[PDB]
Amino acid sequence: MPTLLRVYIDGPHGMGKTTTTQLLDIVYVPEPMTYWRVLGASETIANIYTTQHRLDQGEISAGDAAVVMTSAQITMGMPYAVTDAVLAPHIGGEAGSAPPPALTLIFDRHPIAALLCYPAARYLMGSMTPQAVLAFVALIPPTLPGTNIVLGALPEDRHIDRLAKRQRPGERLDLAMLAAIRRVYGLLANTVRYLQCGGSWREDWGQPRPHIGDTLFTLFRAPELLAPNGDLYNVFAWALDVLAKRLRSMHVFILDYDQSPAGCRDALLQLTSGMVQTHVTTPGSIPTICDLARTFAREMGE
């Protein structure tokens, strides 16, 4: 059966991901901007940044910001969620990780962006409950074989300069969200290594590979998740087992962004060499995926 290579370009916003991956047998599943702005709701991006502003300015409550914020995170990852679901059937097993794949699918972000990272970063900003965050983790789709996630690398001061340009419609420069999101993505990369090096959160919770204190597990030592004796409630501990399961099988690659669009584009091409591809499940899988990838781009990509 033909082989496919899936590549999910992810990381904090304002790094140059999209603006260097478009540059990059090869299909590009762009950002669902039309779905965020119109199809699922109107100006979701604007709504997100405005609520954090009213929150920050004391015009609304933590609880107000939280319901508005949770609701919107559902809108943000909808296209990512259906795409996975419709795609999942065609993904076969690892391809003796071989000749060039029949198709390379470049995604502008992975389902965990809206299901884990942004929700985690907003909890870190005081606008989302760790319980809501864990609800989204619990809803992360199973990790199919060949899930290659490229995360971005760029110094802060430089990310601020880019961010100053990658201003989405409705977006407001919030260096705190920029720091909350950078940290979240940082912990994300540490979590994968932790899990892949054989770390057990249950065994390390009472506080070579990263320290549990440097993985995403640190965020869930939140007072809301703990019983009167400091015990993590089981529902939550089960949501953490699922986070461990989902993340350990992912393949993570770092693309340094502190270089030229060419260089970034050039680097992404090199990383390609160690990504895990897979076989499709049917003869028509490739053609169907392509049309899927083109139909998504036309409709929701702006």
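Residue positions are given as counts along the sequence shown, with the first one as 1. For clarity, a rigid core is taken as the largest C-alpha set superposing within 1.5 Å between two forms.
Between stretches 227 to 235 and 104 to 112, the one whose Cα atoms sit farther from the displayed model in 8 other deposited structures of this protein on average is 227 to 235 (core-aligned, root mean square).
When the other structures are laid on the shown form by the core, the C-alphas of 157 to 165 and 173 to 181 differ in how far they drift in 8 other deposited structures of this protein; the larger average drift belongs to 157 to 165. Compared with other PDB entries of the same protein, residue 97 is missing from at least a third of those that resolve the residues around it. The modelled chain breaks between residue 97 and residue 98, where 1 to 3 residues of the deposited sequence lack coordinates.
Going from residue 207 to residue 208, the model skips 10 or more deposited residues, which lack coordinates. Taking the PDB entry as given, 284 to 292 carries the higher mean Cα B factor of the two stretches 9 to 17 and 284 to 292. The PDB entry reports B-factors from which the mean C-alpha value can be compared for 242 to 250 and 51 to 59; the larger average falls on 51 to 59. The entry assigns its greatest Cα B factor, within the set 70, 234, 273, 44, to 273. Of the residues listed, 66, 39, 33, 269, the entry assigns the biggest Cα temperature factor to 269. Ranked by Cα temperature factor within the chain, residue 169 sits in the highest third according to the deposited record. Remark: residue 86 belongs to the middle third of its chain, ranked by C-alpha B-factor as recorded. Ranked within its chain, residue 117 lands in the lowest third, by CA B factor from the PDB record. Residue 144 sits in the middle third of its chain by CA B factor, as recorded in the PDB entry. Among the modelled residues of the chain, residue 1 sits in the highest third by CA temperature factor in this PDB entry.
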